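One chain is shown next in structure tokens, namely the form solved without the named molecule.
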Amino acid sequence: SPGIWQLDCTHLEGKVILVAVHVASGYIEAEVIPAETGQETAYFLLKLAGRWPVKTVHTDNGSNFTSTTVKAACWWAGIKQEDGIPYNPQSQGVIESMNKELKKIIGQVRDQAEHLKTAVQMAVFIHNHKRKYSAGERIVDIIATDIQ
């Protein structure tokens, strides 16, 4: 549905890349953090929910699901926190392929940026703009349709 997002955490260069995927479109937002904490995850979700109409988040692991700080952010922002258990198993493989794909793009841009965070944002750009309609186009269409 239009409001469903999935959290995803992947590792690169001794750092963590936290990713939110809009499940119906494939659109992503991402940030680099030193390590996955409840505090970082809570702040990331607050940013996300101020930018898109986030109704439901499938959390990436049990620690973030349990985190009182993540729960506080979800309460504040009106997000239903759910487990991310892939009862449909093609869900997990799609996330796995996306992490591989994002890492490939990061490799392709890596030498154009001094800092990993910049390379990650370049990769977000390329991912969201790539036509296959683009993910950026798909999310806007899905949400506009839901509004009207």
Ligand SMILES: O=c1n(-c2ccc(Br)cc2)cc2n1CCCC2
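Each residue number is its position in the shown sequence, starting from 1.
Omitted here: the form deposited with the named molecule bound. The next part is about that form.
The named molecule is not shown here, but in the entry with it bound it comes within 4.5 Å of a heavy atom of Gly26.
Interface residue remark: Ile85 is not counted as part of the site for the named molecule in the entry with it bound, having no heavy atom within 4.5 Å. Of all the residues from 69-104, those having a non-hydrogen atom no more than 4.5 Å from the named molecule in the entry with it bound are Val94, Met98, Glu101, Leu102.
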